[PDB]
Amino acid sequence: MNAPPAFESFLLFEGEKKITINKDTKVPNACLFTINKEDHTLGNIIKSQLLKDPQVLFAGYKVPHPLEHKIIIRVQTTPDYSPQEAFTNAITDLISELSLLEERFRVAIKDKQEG
Amino acid sequence: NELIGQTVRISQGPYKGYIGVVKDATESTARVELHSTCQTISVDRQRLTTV
Amino acid sequence: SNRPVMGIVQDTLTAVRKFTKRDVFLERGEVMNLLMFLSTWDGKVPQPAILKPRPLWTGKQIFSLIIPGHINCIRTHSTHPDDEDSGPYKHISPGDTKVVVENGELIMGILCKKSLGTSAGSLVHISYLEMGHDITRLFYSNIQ
Amino acid sequence: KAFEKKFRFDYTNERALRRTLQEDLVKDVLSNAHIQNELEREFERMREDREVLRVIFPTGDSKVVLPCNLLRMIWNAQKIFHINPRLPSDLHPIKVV
Amino acid sequence: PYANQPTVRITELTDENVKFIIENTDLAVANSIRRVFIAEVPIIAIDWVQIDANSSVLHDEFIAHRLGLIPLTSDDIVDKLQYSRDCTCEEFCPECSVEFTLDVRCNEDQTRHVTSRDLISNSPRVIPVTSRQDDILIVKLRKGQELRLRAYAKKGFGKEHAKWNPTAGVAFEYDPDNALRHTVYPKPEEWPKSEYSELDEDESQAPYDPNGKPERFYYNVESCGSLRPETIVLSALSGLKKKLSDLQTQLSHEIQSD
Amino acid sequence: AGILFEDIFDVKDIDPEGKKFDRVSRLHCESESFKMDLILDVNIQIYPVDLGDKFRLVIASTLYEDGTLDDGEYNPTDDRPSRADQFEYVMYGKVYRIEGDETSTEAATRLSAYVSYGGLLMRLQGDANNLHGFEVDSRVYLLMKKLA
Amino acid sequence: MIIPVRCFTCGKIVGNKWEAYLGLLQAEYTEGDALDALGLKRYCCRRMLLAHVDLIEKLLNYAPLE
Ligand SMILES: [Zn+2]
Ligand SMILES: [Zn+2]
């Protein structure tokens, strides 16, 4: 009766914005990346790849409510670096890692299929 | 308003392929009870196909 | 009965007893994930209780961040020995069974129903009387 | 005996007052007779308060229900103003009275 | 500049599962790969049933629900197939759906088993997996009962409905010897050793490694039949990379539009 | 340069009252030089301590050789040369009470300093001339290294 | 009423294994050995066949309406 459709887990409705940056003024050099229609799948990898960055002083994600489909990532950096740049670098490193993983997986499949 | 009571098919949007009978209609919005699920949704009339 | 009607209950109570034991050590990512859920957090990561060999935070530091204002409260854990307060280790508790919240910081002690429950003089009661209903509402939510 | 040891302000052991009070206050307390009469009257008033308590609570049960938690408020004052309890105090006893 | 360099070993590659080990990656990457196996690998499944006749003992939603759970061979078709919400056709076209029909009547005096063999597709490569073993029983028909229906199978992924889950069981494991004390056994000798334990029978746990983090991850990705298990893994890596790429494009727009 | 107390302790007792936490063990130690007494909760999972082990205990008000005070905020990126580089186990805590044997008349001869390192409590009791740098609610740094 | 298509927990296909399971049971297999011969290793899929009640056989005992 009040069941949400199964596609609001992942589909942006018209006018919803995929990611918004909010520079919180509570502490210097921090941002709040509010990502819509995402879950722990991207929040956790982005958070951990941000934690590999030595110029990132804080990195954490949260789902404010599991019945809503929204990820809040909070990144704080050293002052000679910006949270937006940290987020972009984290996504590039995740993409390069997954590309390498896919290519090595194809190589391993081709090796085992032949023998 | 001839749309009310007619079996209708949603042709655009996330509900594409859902069938139902219109309950109440405006010039731009209809209340279509879905045949597939147990809901009466609101859908823009550009995304509806009568049959 | 001049006490709170509502306190920390069930899972949060069991896990705040587990969380505030003396040997609960949180790593950097775990602390940042827990600080994501602190609504009253000022954005400053506290200095870890252990810095070397690896930086580790205790559960008492994160709960000290949860504890609002500068609450001053003293309780005892449920398993506090009767002969400890008369012993030599009155203020250096071997079992972590004496709770001391000082300047809104959990100095020592394992929290339980005696400290975070609906008893009179408990931590949520002292928080209400000293800080007001809004701060204590945020305290309840942050604990949970 | 314990009531007098704990609540009656001694003003005759000056070398003990020099640990609790600063030099100006201890010179005032050892000299000014008005201060000493007022401190004695404070102790006398606590002694009739004690007898009144003995009448009100005849079973000797000290747990009462009262508005302001005075001990916690004193602790709050100690933490707010960073009161070192190893130093002599600048608080005159007559200011307390 | 801080990307991992993860290596892969396949240890078992059957037609029904792939068992592999990933070294030198983070736990969050490994878990997101395991989550995309279950939730974000798109396969083809029936999501639109018209029932022209149903004289069986099971009602129409029961039949339709069972038809959605029949796995269809999604290899090499689901990649070039469109999501029907993205396709510009009015109802259903061969660019976004595969049409299935079933027409069974039981006139024989014994019970007719309507299996997934009776599901007939118009596409010659999106068929029931069991039709390509024994077949998946949809309904049993008595004499005179019939089931005639038309079904469309669209593309979707398991985050929407579990009938688009391509996997049977995604076994996942890291640190089998508990050298990181991520789980604390009250009595470590009561616990059976893993498939991947390197300890001899005398020792119950590895010694605690204080400098260690999870680095080696063991997977066993069983496939329900729609995709080959290596196609499940490769499609998951491609889908995770695509989710990150789409997020990075949206983030680039939001950064340059500040 | 901010060093409140420095000594060499050797462990005389590990958990006299029993092992009460799995990952924290209480050491009872005595000092060879100043004849101090030490009770200390130590994370023995990351820093194991044996009975009879000898360590050099340092209690500092700051981690910098400049003596410059910190803010109590975690700064993992501070490349300033730290006193923590010469020690194997550094904790950070707040001294919460200073007991003493003073009376109403006579000053204190034995002082006890109680410090809480995030809940891992330390009591350092000895001569009052050795615990002058300890005043309540001051953040101190415990630093120790095992000697050979 | 009828055998589920998928295991509820994991999603392994068990809807093609019911008649094979009954054929193995008629062939004097123990139930655990029949479940082992069908390839049901996880105990979540084994309780799908082990605990199934084939009620559709009872509902086919009634003559159809048409
Ligand atoms: Zn189409
Ligand atoms: Zn199963």
# chains A, B, ... in the order shown; residues from 1 in each chain; ligands from 1
$ interface_residues --of "chain F" --to "chain D" --cutoff "10 Å" --atoms "only C-alpha atoms" --output "PDB file with C-alpha atoms, in the first residue's frame"
ATOM      1  CA  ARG F  97      43.413  13.315  40.558  1.00  0.00           C
ATOM      2  CA  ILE F  98      46.494  14.014  42.640  1.00  0.00           C
ATOM      3  CA  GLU F  99      46.222  12.247  45.960  1.00  0.00           C
ATOM      4  CA  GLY F 100      48.677  12.971  48.720  1.00  0.00           C
ATOM      5  CA  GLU F 102      49.035  15.719  53.574  1.00  0.00           C
ATOM      6  CA  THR F 103      47.236  16.477  56.807  1.00  0.00           C
ATOM      7  CA  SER F 104      45.594  19.664  57.994  1.00  0.00           C
ATOM      8  CA  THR F 105      48.955  20.732  59.451  1.00  0.00           C
ATOM      9  CA  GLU F 106      51.805  19.087  57.495  1.00  0.00           C
ATOM     10  CA  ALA F 107      52.505  19.187  53.740  1.00  0.00           C
ATOM     11  CA  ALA F 108      52.554  16.145  51.445  1.00  0.00           C
ATOM     12  CA  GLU F 135      48.379  19.126  38.122  1.00  0.00           C
ATOM     13  CA  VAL F 136      44.813  17.869  37.726  1.00  0.00           C
ATOM     14  CA  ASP F 137      43.129  18.100  34.293  1.00  0.00           C
TER      15      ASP F 137
END
$ interface_residues --of "chain C" --to "chain A" --cutoff "12 Å" --atoms "only C-alpha atoms" --output "list in words"
residues 27, 28, 29, 30, 31, 32, 33, 34, 35, 36, 37, 38, 39, 40, 41, 42, 43, 44, 45 and 46 of chain C
$ closest_atom_pairs --of "chain E" --to "ligand 2" --cutoff "12 Å" --atoms "only C-alpha atoms and all ligand atoms" --output "Markdown table"
| residue | atom | partner | partner_atom_place_in_ligand_line | distance |
| --- | --- | --- | --- | --- |
| E:167 | CA | ligand 2 | 1 (Zn) | 10.7 |
| E:168 | CA | ligand 2 | 1 (Zn) | 7.1 |
| E:169 | CA | ligand 2 | 1 (Zn) | 7.3 |
| E:170 | CA | ligand 2 | 1 (Zn) | 10.8 |
| E:171 | CA | ligand 2 | 1 (Zn) | 11.8 |
| E:222 | CA | ligand 2 | 1 (Zn) | 10.9 |
| E:223 | CA | ligand 2 | 1 (Zn) | 11.9 |
| E:224 | CA | ligand 2 | 1 (Zn) | 10.6 |
$ interface_residues --of "chain A" --to "chain E" --cutoff "10 Å" --atoms "only C-alpha atoms" --output "PyMOL selection string"
chain A and resi 5-10+17-21+33+35+38+40-54+84-85+87-109+111-113
$ interface_residues --of "chain G" --to "chain E" --cutoff "7 Å" --atoms "only C-alpha atoms" --output "VMD selection string"
chain G and resid 5 to 6 10 to 13 15 to 16 59 to 60 64
$ write_last_selection --atoms "C-alpha atoms" --output "mmCIF file, in the first residue's frame"
data_model
loop_
_atom_site.group_PDB
_atom_site.id
_atom_site.type_symbol
_atom_site.label_atom_id
_atom_site.label_comp_id
_atom_site.auth_asym_id
_atom_site.auth_seq_id
_atom_site.Cartn_x
_atom_site.Cartn_y
_atom_site.Cartn_z
ATOM 1 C CA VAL G 5 12.027 -22.134 -8.260
ATOM 2 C CA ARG G 6 14.883 -20.690 -6.207
ATOM 3 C CA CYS G 10 20.789 -17.970 -1.802
ATOM 4 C CA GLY G 11 18.826 -18.275 -5.025
ATOM 5 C CA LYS G 12 20.111 -21.600 -6.280
ATOM 6 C CA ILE G 13 17.684 -23.281 -8.654
ATOM 7 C CA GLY G 15 12.654 -26.064 -8.998
ATOM 8 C CA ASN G 16 14.166 -28.587 -11.397
ATOM 9 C CA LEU G 59 -4.963 -29.940 -5.640
ATOM 10 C CA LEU G 60 -4.810 -31.940 -8.860
ATOM 11 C CA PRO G 64 -11.222 -28.502 -13.117
#
$ atom_distance --atom1 "atom CA of residue 3 of chain D" --atom2 "atom CA of residue 112 of chain F"
28.8 Å
$ interface_residues --of "chain F" --to "chain E" --cutoff "10 Å" --atoms "only C-alpha atoms" --output "ChimeraX atom specification"
/F:45-47
$ residues_near_ligand --ligand "ligand 1" --cutoff "12 Å" --atoms "only C-alpha atoms and all ligand atoms" --output "list in words"
residues 11, 12, 16 and 17 of chain B; 80, 81, 82, 83, 84, 85, 86, 87, 88, 89, 90, 91, 92, 93, 94, 95, 96, 97, 98, 99, 152, 153, 154 and 155 of chain E
$ write_last_selection --atoms "N, CA and C atoms" --output "compact mmCIF listing (two decimals), in the first residue's frame"
# COMPACT_ATOMS: atom_id res chain seq x y z
N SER B 11 3.88 4.23 -21.33
CA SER B 11 4.78 4.09 -22.46
C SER B 11 6.11 4.82 -22.31
N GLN B 12 6.20 5.80 -21.42
CA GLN B 12 7.48 6.40 -21.07
C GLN B 12 7.69 6.27 -19.56
N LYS B 16 7.35 1.86 -17.36
CA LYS B 16 7.04 1.51 -18.74
C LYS B 16 6.65 0.04 -18.85
N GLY B 17 5.51 -0.22 -19.49
CA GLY B 17 4.98 -1.55 -19.61
C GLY B 17 3.90 -1.89 -18.60
N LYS E 80 24.35 -5.84 -24.93
CA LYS E 80 23.82 -5.02 -26.00
C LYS E 80 22.32 -4.78 -25.89
N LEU E 81 21.69 -5.28 -24.84
CA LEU E 81 20.28 -5.03 -24.61
C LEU E 81 20.11 -3.75 -23.80
N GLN E 82 18.98 -3.08 -24.02
CA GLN E 82 18.70 -1.80 -23.39
C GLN E 82 17.79 -2.01 -22.19
N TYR E 83 17.91 -1.12 -21.21
CA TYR E 83 16.90 -1.05 -20.18
C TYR E 83 15.63 -0.50 -20.80
N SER E 84 14.49 -1.11 -20.47
CA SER E 84 13.24 -0.73 -21.11
C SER E 84 12.81 0.67 -20.72
N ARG E 85 13.24 1.14 -19.56
CA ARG E 85 13.00 2.53 -19.18
C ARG E 85 13.84 3.50 -19.99
N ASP E 86 14.92 3.03 -20.61
CA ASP E 86 15.73 3.87 -21.49
C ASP E 86 15.37 3.70 -22.95
N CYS E 87 14.72 2.60 -23.32
CA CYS E 87 14.41 2.35 -24.71
C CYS E 87 13.25 3.21 -25.17
N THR E 88 13.34 3.70 -26.40
CA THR E 88 12.40 4.67 -26.93
C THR E 88 11.17 4.03 -27.57
N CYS E 89 11.09 2.71 -27.60
CA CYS E 89 9.92 2.04 -28.13
C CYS E 89 8.71 2.30 -27.23
N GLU E 90 7.53 2.03 -27.76
CA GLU E 90 6.32 2.31 -27.00
C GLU E 90 6.11 1.27 -25.91
N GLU E 91 6.11 -0.01 -26.29
CA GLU E 91 5.88 -1.06 -25.30
C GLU E 91 7.10 -1.96 -25.12
N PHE E 92 7.51 -2.68 -26.16
CA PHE E 92 8.57 -3.67 -26.08
C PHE E 92 9.07 -3.94 -27.48
N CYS E 93 10.38 -3.90 -27.64
CA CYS E 93 11.03 -4.10 -28.93
C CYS E 93 12.19 -5.04 -28.72
N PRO E 94 12.70 -5.66 -29.79
CA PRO E 94 13.85 -6.57 -29.63
C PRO E 94 15.13 -5.90 -29.15
N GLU E 95 15.18 -4.58 -29.04
CA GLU E 95 16.35 -3.91 -28.50
C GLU E 95 16.33 -3.82 -26.98
N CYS E 96 15.21 -4.14 -26.34
CA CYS E 96 15.11 -4.04 -24.89
C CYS E 96 14.44 -5.22 -24.22
N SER E 97 13.87 -6.16 -24.95
CA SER E 97 13.17 -7.27 -24.32
C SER E 97 13.20 -8.48 -25.24
N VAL E 98 12.97 -9.64 -24.64
CA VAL E 98 12.85 -10.90 -25.35
C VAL E 98 11.47 -11.46 -25.06
N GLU E 99 10.74 -11.83 -26.10
CA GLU E 99 9.36 -12.28 -25.96
C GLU E 99 9.32 -13.79 -25.78
N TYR E 152 7.40 -11.19 -21.46
CA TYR E 152 8.52 -10.39 -21.94
C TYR E 152 9.60 -10.35 -20.88
N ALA E 153 10.83 -10.56 -21.30
CA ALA E 153 11.97 -10.65 -20.41
C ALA E 153 12.88 -9.46 -20.66
N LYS E 154 12.92 -8.53 -19.72
CA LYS E 154 13.71 -7.33 -19.88
C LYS E 154 14.98 -7.41 -19.05
N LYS E 155 15.85 -6.44 -19.27
CA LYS E 155 17.14 -6.37 -18.60
C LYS E 155 16.99 -5.67 -17.26
$ select_by_dssp --residues "segment 2-47 of chain B" --states "strand (DSSP E)" --output "ChimeraX atom specification"
/B:7-10,19-25,29-34,40-44
$ atom_distance --atom1 "atom CA of residue 63 of chain D" --atom2 "atom CA of residue 139 of chain C"
28.6 Å
$ residues_around --residues "segment 28-33 of chain F" --least-positions-apart "4" --cutoff "10 Å" --atoms "only C-alpha atoms" --output "list in words"
residues 6, 7, 8, 9, 10, 11, 12, 13, 14, 15, 16, 37, 38, 39, 40, 41, 51, 52, 53, 54, 55, 56, 57, 122, 123, 124, 125 and 126 of chain F
$ write_last_selection --atoms "N, CA and C atoms" --output "mmCIF file, in the first residue's frame"
data_model
loop_
_atom_site.group_PDB
_atom_site.id
_atom_site.type_symbol
_atom_site.label_atom_id
_atom_site.label_comp_id
_atom_site.auth_asym_id
_atom_site.auth_seq_id
_atom_site.Cartn_x
_atom_site.Cartn_y
_atom_site.Cartn_z
ATOM 1 N N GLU F 6 60.560 11.400 34.374
ATOM 2 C CA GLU F 6 61.361 10.444 33.632
ATOM 3 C C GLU F 6 61.980 9.469 34.613
ATOM 4 N N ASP F 7 61.961 8.187 34.267
ATOM 5 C CA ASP F 7 62.520 7.169 35.142
ATOM 6 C C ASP F 7 62.747 5.889 34.356
ATOM 7 N N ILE F 8 63.238 4.874 35.059
ATOM 8 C CA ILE F 8 63.343 3.520 34.540
ATOM 9 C C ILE F 8 62.591 2.608 35.492
ATOM 10 N N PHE F 9 61.619 1.882 34.966
ATOM 11 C CA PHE F 9 60.821 0.957 35.748
ATOM 12 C C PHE F 9 61.087 -0.457 35.268
ATOM 13 N N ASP F 10 61.027 -1.406 36.187
ATOM 14 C CA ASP F 10 60.996 -2.809 35.820
ATOM 15 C C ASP F 10 59.745 -3.442 36.400
ATOM 16 N N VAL F 11 59.141 -4.332 35.618
ATOM 17 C CA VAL F 11 57.846 -4.896 35.964
ATOM 18 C C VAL F 11 58.006 -5.861 37.127
ATOM 19 N N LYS F 12 57.180 -5.691 38.153
ATOM 20 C CA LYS F 12 57.242 -6.549 39.321
ATOM 21 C C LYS F 12 56.031 -7.451 39.464
ATOM 22 N N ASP F 13 54.968 -7.200 38.705
ATOM 23 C CA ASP F 13 53.712 -7.924 38.823
ATOM 24 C C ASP F 13 52.846 -7.608 37.618
ATOM 25 N N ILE F 14 52.286 -8.625 36.977
ATOM 26 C CA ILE F 14 51.376 -8.435 35.857
ATOM 27 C C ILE F 14 50.058 -9.092 36.219
ATOM 28 N N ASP F 15 49.007 -8.283 36.314
ATOM 29 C CA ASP F 15 47.661 -8.671 36.725
ATOM 30 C C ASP F 15 47.664 -9.440 38.038
ATOM 31 N N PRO F 16 47.945 -8.790 39.169
ATOM 32 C CA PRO F 16 47.869 -9.498 40.453
ATOM 33 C C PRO F 16 46.472 -9.976 40.785
ATOM 34 N N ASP F 37 56.462 4.145 42.488
ATOM 35 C CA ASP F 37 55.543 3.037 42.300
ATOM 36 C C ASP F 37 54.716 3.313 41.057
ATOM 37 N N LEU F 38 54.470 2.280 40.264
ATOM 38 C CA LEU F 38 53.709 2.435 39.036
ATOM 39 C C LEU F 38 52.661 1.346 38.940
ATOM 40 N N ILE F 39 51.421 1.753 38.716
ATOM 41 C CA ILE F 39 50.357 0.877 38.259
ATOM 42 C C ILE F 39 49.940 1.393 36.899
ATOM 43 N N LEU F 40 49.879 0.508 35.918
ATOM 44 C CA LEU F 40 49.682 0.957 34.552
ATOM 45 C C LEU F 40 48.909 -0.062 33.744
ATOM 46 N N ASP F 41 47.856 0.396 33.082
ATOM 47 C CA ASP F 41 47.120 -0.415 32.127
ATOM 48 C C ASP F 41 47.753 -0.225 30.760
ATOM 49 N N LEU F 51 56.777 -10.260 32.508
ATOM 50 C CA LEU F 51 57.174 -10.040 33.886
ATOM 51 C C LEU F 51 58.688 -9.898 33.972
ATOM 52 N N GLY F 52 59.140 -8.929 34.756
ATOM 53 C CA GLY F 52 60.547 -8.629 34.840
ATOM 54 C C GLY F 52 61.084 -7.797 33.703
ATOM 55 N N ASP F 53 60.231 -7.350 32.791
ATOM 56 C CA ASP F 53 60.677 -6.491 31.707
ATOM 57 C C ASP F 53 60.970 -5.098 32.239
ATOM 58 N N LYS F 54 62.005 -4.473 31.697
ATOM 59 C CA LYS F 54 62.484 -3.183 32.169
ATOM 60 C C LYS F 54 62.257 -2.143 31.088
ATOM 61 N N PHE F 55 61.632 -1.026 31.450
ATOM 62 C CA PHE F 55 61.294 -0.011 30.466
ATOM 63 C C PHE F 55 61.572 1.374 31.022
ATOM 64 N N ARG F 56 61.797 2.315 30.116
ATOM 65 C CA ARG F 56 62.105 3.697 30.462
ATOM 66 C C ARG F 56 60.848 4.537 30.293
ATOM 67 N N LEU F 57 60.224 4.897 31.406
ATOM 68 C CA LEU F 57 58.961 5.621 31.406
ATOM 69 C C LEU F 57 59.227 7.113 31.345
ATOM 70 N N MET F 122 46.531 4.963 34.876
ATOM 71 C CA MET F 122 47.854 4.874 35.471
ATOM 72 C C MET F 122 47.823 5.533 36.833
ATOM 73 N N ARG F 123 48.464 4.915 37.817
ATOM 74 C CA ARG F 123 48.781 5.588 39.066
ATOM 75 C C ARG F 123 50.284 5.592 39.240
ATOM 76 N N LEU F 124 50.845 6.772 39.434
ATOM 77 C CA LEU F 124 52.266 6.951 39.671
ATOM 78 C C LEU F 124 52.418 7.609 41.029
ATOM 79 N N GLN F 125 52.797 6.842 42.041
ATOM 80 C CA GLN F 125 52.945 7.388 43.378
ATOM 81 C C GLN F 125 54.375 7.247 43.861
ATOM 82 N N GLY F 126 54.867 8.302 44.494
ATOM 83 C CA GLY F 126 56.222 8.339 44.993
ATOM 84 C C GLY F 126 56.477 9.583 45.809
#
$ residues_around --residues "residue 79 of chain C" --least-positions-apart "6" --cutoff "12 Å" --atoms "only C-alpha atoms" --output "PDB file with C-alpha atoms, in the first residue's frame"
ATOM      1  CA  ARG C  17      28.593  -1.854  28.117  1.00  0.00           C
ATOM      2  CA  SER C  93      39.898   0.483  39.389  1.00  0.00           C
ATOM      3  CA  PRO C  94      41.128  -2.985  38.327  1.00  0.00           C
ATOM      4  CA  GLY C  95      37.777  -3.984  36.860  1.00  0.00           C
ATOM      5  CA  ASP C  96      36.832  -0.574  35.385  1.00  0.00           C
ATOM      6  CA  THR C  97      33.709  -0.751  37.511  1.00  0.00           C
ATOM      7  CA  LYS C  98      33.614   2.838  38.813  1.00  0.00           C
ATOM      8  CA  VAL C  99      32.259   5.350  36.308  1.00  0.00           C
ATOM      9  CA  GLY C 109      34.157   3.053  34.055  1.00  0.00           C
ATOM     10  CA  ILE C 110      31.927   0.699  32.107  1.00  0.00           C
ATOM     11  CA  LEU C 111      28.503   2.108  31.355  1.00  0.00           C
ATOM     12  CA  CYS C 112      25.349   0.126  31.983  1.00  0.00           C
ATOM     13  CA  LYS C 113      21.741   0.562  33.068  1.00  0.00           C
ATOM     14  CA  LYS C 114      22.999   2.182  36.273  1.00  0.00           C
TER      15      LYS C 114
END
$ select_by_dssp --residues "segment 4-138 of chain C" --states "helix (DSSP H, G or I)" --output "PyMOL selection string"
chain C and resi 11-19+28-35+59-66+113-116+123-131+133-138
$ closest_atom_pairs --of "chain C" --to "chain F" --cutoff "8 Å" --atoms "only C-alpha atoms" --output "tab-separated table"
residue	atom	partner	partner_atom	distance
C:22	CA	F:119	CA	5.9
C:23	CA	F:23	CA	5.3
C:44	CA	F:73	CA	6.5
C:45	CA	F:74	CA	5.8
C:46	CA	F:73	CA	4.9
C:47	CA	F:74	CA	4.3
C:48	CA	F:74	CA	6.9
C:49	CA	F:118	CA	4.8
C:50	CA	F:91	CA	4.3
C:51	CA	F:90	CA	5.3
C:52	CA	F:89	CA	4.8
C:53	CA	F:89	CA	5.8
C:54	CA	F:46	CA	7.9
C:57	CA	F:118	CA	7.4
C:58	CA	F:118	CA	5.8
C:59	CA	F:118	CA	8.0
C:60	CA	F:118	CA	6.0
C:61	CA	F:118	CA	5.8
C:91	CA	F:114	CA	7.8
C:92	CA	F:121	CA	6.5
C:93	CA	F:121	CA	8.0
C:94	CA	F:20	CA	7.5
C:95	CA	F:20	CA	6.3
C:106	CA	F:119	CA	7.7
C:107	CA	F:119	CA	5.8
C:108	CA	F:119	CA	4.9
C:109	CA	F:119	CA	7.5
$ atom_distance --atom1 "atom CA of residue 29 of chain A" --atom2 "atom CA of residue 134 of chain C"
29.0 Å
$ residues_around --residues "residue 191 of chain E" --least-positions-apart "2" --cutoff "12 Å" --atoms "only C-alpha atoms" --output "list in words"
residues 176, 177, 178, 183, 184, 185, 186, 187, 188, 189, 193, 194, 197, 201, 203, 204 and 205 of chain E
$ interface_residues --of "chain C" --to "chain D" --cutoff "8 Å" --atoms "only C-alpha atoms" --output "JSON, numbers by chain"
{"C": [70, 71, 72, 73, 103]}
